[PDB]
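Visitor: Here it is: the structure, laid out below.
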Amino acid sequence: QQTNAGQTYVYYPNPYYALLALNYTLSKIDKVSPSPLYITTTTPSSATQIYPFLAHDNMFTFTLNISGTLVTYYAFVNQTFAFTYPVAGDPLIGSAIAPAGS
Amino acid sequence: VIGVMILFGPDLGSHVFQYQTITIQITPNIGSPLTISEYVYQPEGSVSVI
Amino acid sequence: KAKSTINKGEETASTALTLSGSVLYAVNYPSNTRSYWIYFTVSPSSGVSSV
């Protein structure tokens, strides 16, 4: 988030950073009972064992190096959907509108 | 040709119209009014032509 | 009354302004924090009637 002329521009610096954000919103922000994606660091072997419904969902992985440790993730998707996130210069955050020059 | 100048006060002069839409309207007693609506990206030069 | 109405009606369809000259917007340029003023010129639409 950057600030100038009283307005605060935000953006997500990476598609993976936007994925983890979408996970938290779908979980806590808006209470939707079927969540379309679930991201967990648990090995998919045991994660499938505890959650039997993840055995039918498409999965792709992506890793991150936090504090020197290679933390890997497993994104499970059950439905082909698309989402949008601000990537450059969007001062009007909270309205779902793409301003001119964004 | 007639000149028009809008001076800002303390109430509004504390805001900068960046990435916003401005609209001004001049409506005389008899005759059609003139509306001017522009979009400002970023002020530059200390006299921005927009 | 009707004659005076047509006279006003003709002045309505004939009187109008126009913007001839770009608009200027002033601000503290090094640090965009406070706006100062705005200036622009206006003229009758055509050489049709005063306003």
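Identifiers in this document derive from the order of the structure tokens: chains are assigned A, B, ..., residues are numbered from 1 separately in each chain, and ligands are numbered from 1 in order of occurrence.
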Run DSSP on the backbone and give me the residues of range 4-50 of chain C it puts in alpha helix (DSSP H), as a PyMOL selection string.

Guide: chain C and resi 4-14

Visitor: For residue 15 in chain C, list every protein, DNA or RNA residue within 7 Å, evaluated using only C-alpha atoms, and leave out those in the same chain fewer than 5 positions away; present the list as a ChimeraX atom specification.

Guide: /B:31-32 /C:49-51

Visitor: Limited to C-alpha atoms, could you put the picked residues into a file as a PDB file, in the first residue's frame?

Guide:
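Result went into selection_14.pdb, see below:
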ATOM      1  CA  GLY B  31     -30.494  29.847 -21.988  1.00  0.00           C
ATOM      2  CA  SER B  32     -29.066  26.358 -21.871  1.00  0.00           C
TER       3      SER B  32
ATOM      4  CA  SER C  49     -26.984  36.028 -29.219  1.00  0.00           C
ATOM      5  CA  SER C  50     -25.603  37.521 -26.034  1.00  0.00           C
ATOM      6  CA  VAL C  51     -25.861  35.844 -22.635  1.00  0.00           C
TER       7      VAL C  51
END

Visitor: Can you list every residue of chain B that has an atom at most 9 Å from chain A, with its nearest atom pair and the distance in Å to one decimal, using only C-alpha atoms, ordered by chain then number, as JSON lines?

Guide:
{"residue": "B:15", "atom": "CA", "partner": "A:6", "partner_atom": "CA", "distance": 7.3}
{"residue": "B:16", "atom": "CA", "partner": "A:5", "partner_atom": "CA", "distance": 6.0}
{"residue": "B:17", "atom": "CA", "partner": "A:5", "partner_atom": "CA", "distance": 8.3}
{"residue": "B:18", "atom": "CA", "partner": "A:5", "partner_atom": "CA", "distance": 7.1}
{"residue": "B:19", "atom": "CA", "partner": "A:99", "partner_atom": "CA", "distance": 7.6}
{"residue": "B:20", "atom": "CA", "partner": "A:99", "partner_atom": "CA", "distance": 8.7}
{"residue": "B:39", "atom": "CA", "partner": "A:100", "partner_atom": "CA", "distance": 8.6}
{"residue": "B:41", "atom": "CA", "partner": "A:101", "partner_atom": "CA", "distance": 7.6}

Visitor: Would you export the selected residues with N, CA, C and O atoms as a short mmCIF file (atom, residue, chain, number, x, y, z; two decimals), in the first residue's frame, please?

Guide:
data_model
loop_
_atom_site.label_atom_id
_atom_site.label_comp_id
_atom_site.auth_asym_id
_atom_site.auth_seq_id
_atom_site.Cartn_x
_atom_site.Cartn_y
_atom_site.Cartn_z
N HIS B 15 -7.81 19.05 -0.43
CA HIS B 15 -7.92 17.84 -1.22
C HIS B 15 -7.34 18.08 -2.61
O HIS B 15 -7.40 19.20 -3.13
N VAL B 16 -6.79 17.03 -3.21
CA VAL B 16 -6.21 17.10 -4.54
C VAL B 16 -6.98 16.15 -5.44
O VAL B 16 -7.10 14.96 -5.13
N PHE B 17 -7.50 16.67 -6.55
CA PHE B 17 -8.31 15.89 -7.47
C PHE B 17 -7.39 15.09 -8.38
O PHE B 17 -7.11 15.45 -9.53
N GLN B 18 -6.91 13.97 -7.85
CA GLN B 18 -6.08 13.03 -8.58
C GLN B 18 -6.84 11.72 -8.72
O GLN B 18 -7.39 11.21 -7.73
N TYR B 19 -6.88 11.18 -9.93
CA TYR B 19 -7.68 10.00 -10.25
C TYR B 19 -9.12 10.19 -9.80
O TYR B 19 -9.71 9.32 -9.14
N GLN B 20 -9.70 11.33 -10.14
CA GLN B 20 -11.08 11.65 -9.81
C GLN B 20 -11.73 12.35 -10.99
O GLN B 20 -11.07 12.68 -11.98
N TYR B 39 -11.45 14.34 -16.33
CA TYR B 39 -10.78 13.36 -15.50
C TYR B 39 -9.32 13.75 -15.37
O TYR B 39 -8.67 14.04 -16.37
N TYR B 41 -5.55 12.71 -14.07
CA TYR B 41 -4.70 11.60 -13.64
C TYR B 41 -3.78 12.03 -12.51
O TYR B 41 -3.88 11.52 -11.39
#

Visitor: Tell me, as a list in words, which residues lie within 10 Å of residue 20 in chain A, counting only C-alpha atoms; anything in the same chain fewer than 3 positions away does not count.

Guide: residues 15, 16, 17, 23, 24, 25, 37, 38, 39, 40, 73 and 75 of chain A

Visitor: Restricting it to N, CA and C atoms, dump the selection as a short mmCIF file (atom, residue, chain, number, x, y, z; two decimals), in the first residue's frame.

Guide:
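Full text of result35.cif as output:
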data_model
loop_
_atom_site.label_atom_id
_atom_site.label_comp_id
_atom_site.auth_asym_id
_atom_site.auth_seq_id
_atom_site.Cartn_x
_atom_site.Cartn_y
_atom_site.Cartn_z
N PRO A 15 0.75 -13.56 -8.14
CA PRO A 15 -0.48 -14.37 -8.19
C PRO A 15 -0.62 -15.31 -7.02
N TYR A 16 0.48 -15.80 -6.46
CA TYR A 16 0.39 -16.67 -5.29
C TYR A 16 -0.01 -15.88 -4.05
N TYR A 17 0.53 -14.67 -3.90
CA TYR A 17 0.11 -13.82 -2.79
C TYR A 17 -1.37 -13.50 -2.88
N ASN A 23 -7.97 -17.18 -0.19
CA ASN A 23 -8.31 -18.26 0.73
C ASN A 23 -8.87 -17.71 2.03
N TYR A 24 -8.19 -16.71 2.60
CA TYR A 24 -8.63 -16.16 3.88
C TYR A 24 -9.99 -15.48 3.76
N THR A 25 -10.21 -14.76 2.65
CA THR A 25 -11.49 -14.08 2.48
C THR A 25 -12.63 -15.08 2.40
N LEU A 37 -11.77 -23.07 -3.13
CA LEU A 37 -10.38 -23.46 -3.02
C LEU A 37 -9.98 -23.54 -1.56
N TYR A 38 -9.08 -24.48 -1.27
CA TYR A 38 -8.56 -24.70 0.08
C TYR A 38 -7.07 -24.94 -0.03
N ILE A 39 -6.28 -24.11 0.65
CA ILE A 39 -4.83 -24.17 0.60
C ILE A 39 -4.31 -24.60 1.96
N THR A 40 -3.46 -25.62 1.97
CA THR A 40 -2.93 -26.15 3.22
C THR A 40 -1.52 -26.66 2.99
N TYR A 73 2.92 -25.32 -0.44
CA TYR A 73 1.48 -25.24 -0.32
C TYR A 73 0.83 -26.19 -1.32
N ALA A 75 -2.90 -26.21 -3.30
CA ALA A 75 -4.17 -25.57 -3.58
C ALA A 75 -5.12 -26.57 -4.24
#

Visitor: Quick one: distance from CA of residue 19 in chain C to CA of residue 5 in chain B in Å, one decimal?

Guide: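 Going from CA of residue 19 in chain C over to CA of residue 5 in chain B covers 13.3 Å.
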
Visitor: Could you give me, as a tab-separated table (two decimals) with N, CA and C atoms, in the first residue's frame, the residues within 10 Å of range 41-44 of chain C, counting only C-alpha atoms and dropping anything in the same chain fewer than 5 positions from it?

Guide:
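Heads up, here's the output in around39.tsv:
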chain	number	residue	atom	x	y	z
B	1	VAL	N	-15.20	36.91	-25.33
B	1	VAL	CA	-14.68	35.82	-24.52
B	1	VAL	C	-14.63	36.30	-23.08
B	2	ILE	N	-15.06	35.45	-22.15
B	2	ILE	CA	-15.15	35.79	-20.74
B	2	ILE	C	-14.31	34.80	-19.95
B	3	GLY	N	-13.55	35.32	-19.00
B	3	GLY	CA	-12.70	34.49	-18.15
B	3	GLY	C	-13.43	34.10	-16.89
B	4	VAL	N	-13.15	32.89	-16.41
B	4	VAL	CA	-13.73	32.36	-15.18
B	4	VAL	C	-12.60	31.79	-14.34
B	5	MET	N	-12.60	32.10	-13.05
B	5	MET	CA	-11.59	31.59	-12.13
B	5	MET	C	-12.26	31.17	-10.84
B	26	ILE	N	-22.47	25.87	-15.54
B	26	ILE	CA	-22.83	27.28	-15.59
B	26	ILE	C	-24.21	27.38	-16.21
B	34	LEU	N	-24.10	24.99	-19.41
B	34	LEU	CA	-22.88	24.36	-19.90
B	34	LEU	C	-22.27	23.53	-18.79
C	14	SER	N	-31.51	29.72	-28.79
C	14	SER	CA	-30.42	30.47	-29.39
C	14	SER	C	-29.30	30.81	-28.41
C	15	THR	N	-29.59	30.92	-27.12
C	15	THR	CA	-28.59	31.32	-26.15
C	15	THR	C	-27.90	30.09	-25.57
C	16	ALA	N	-26.57	30.10	-25.62
C	16	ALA	CA	-25.77	29.00	-25.10
C	16	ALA	C	-24.34	29.47	-24.96
C	17	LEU	N	-23.59	28.79	-24.11
C	17	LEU	CA	-22.18	29.07	-23.91
C	17	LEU	C	-21.33	28.01	-24.60
C	18	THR	N	-20.03	28.24	-24.62
C	18	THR	CA	-19.09	27.26	-25.13
C	18	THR	C	-17.76	27.46	-24.43
C	19	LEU	N	-16.97	26.40	-24.36
C	19	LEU	CA	-15.67	26.43	-23.71
C	19	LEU	C	-14.60	26.54	-24.78
C	20	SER	N	-14.01	27.72	-24.92
C	20	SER	CA	-12.97	27.99	-25.90
C	20	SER	C	-11.70	28.33	-25.13
C	21	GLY	N	-10.88	27.32	-24.86
C	21	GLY	CA	-9.67	27.54	-24.08
C	21	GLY	C	-9.59	26.47	-23.00
C	22	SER	N	-8.43	25.84	-22.92
C	22	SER	CA	-8.24	24.73	-21.99
C	22	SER	C	-8.36	25.21	-20.55
C	23	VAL	N	-8.62	24.26	-19.65
C	23	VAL	CA	-8.81	24.54	-18.24
C	23	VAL	C	-7.49	24.32	-17.52
C	49	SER	N	-26.36	35.08	-30.13
C	49	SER	CA	-26.98	36.03	-29.22
C	49	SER	C	-26.12	36.17	-27.98
C	50	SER	N	-26.31	37.28	-27.28
C	50	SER	CA	-25.60	37.52	-26.03
C	50	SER	C	-26.11	36.58	-24.95
C	51	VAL	N	-25.49	36.67	-23.78
C	51	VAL	CA	-25.86	35.84	-22.63
C	51	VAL	C	-25.54	36.61	-21.36

Visitor: For residue 13 in chain B, which residue among C:45, C:27, C:3, C:39 is the nearest when counting only C-alpha atoms?

Guide: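 Under the stated criterion, the closest residue is C:27.
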